[PDB]
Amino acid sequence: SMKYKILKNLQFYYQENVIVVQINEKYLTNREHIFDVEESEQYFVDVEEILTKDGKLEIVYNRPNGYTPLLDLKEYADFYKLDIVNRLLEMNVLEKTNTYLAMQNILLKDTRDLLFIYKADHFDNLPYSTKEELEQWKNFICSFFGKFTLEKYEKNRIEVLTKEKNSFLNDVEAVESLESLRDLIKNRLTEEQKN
């Protein structure tokens, strides 16, 4: 059980009753809208309090019972992880949220029951991924199934994949749209469900 993990300029602390995301205020030029993250959103845990501590912002989130950091499940079998990806695609949080699609930012209760932790405001105060949605999905899937970190795929996905020789990830890389990604994942999941 990993209790601490860096995601870009965020530090995540996975505690007993809460998650804490810490961001040094030196990374936050504008802060007028930081408290906007208290707004509830389906599939996101609730913010309990927003504090600062010696120049660092602390966002404290409720941690509901029975939710495990997805980081802790990276060594589960591919057929288990495929089910998770299929469910994440159904949740479709990137369409209406400024967030990070990353293992650090996702909690799992079961393969069909997942929650996100951190999201940003809509006034560019807090950081998030501005990448094309399909790119975020490809990089996330590579980080969840592959040998390298999210940041390695974000920098040059095709270069890393050419030598990685992961046939599933090569198929993920080739899709042209979000709908085709959903079809690929669903088809692979259907194959795992039969024998």
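Counting begins at 1, following the sequence as shown.
task: On mean C-alpha B-factor from the PDB entry, just flag whether 5-13 or 175-183 is the higher one.
output: Per the PDB record, 175-183.
query: In the PDB record, does 138-146 or 125-133 carry the higher mean Cα temperature factor?
result: Taking the mean B-factor of the alpha carbons in each, 125-133 is higher.
- prompt: Taking the Cα B-factors listed in the entry, which of 37, 57, 169, 60 comes out highest?
  reply: The record points to 37.
field: Largest Cα B-factor, entry values, listed residues 111, 86, 97, 105
entry: Max CA B-factor in the entry, restricted to 111, 86, 97, 105: 97.
Relative C-alpha B-factor of residue 91, binned into the chain's lowest, middle or highest third: Its C-alpha B-factor belongs to the highest third of this chain's values.
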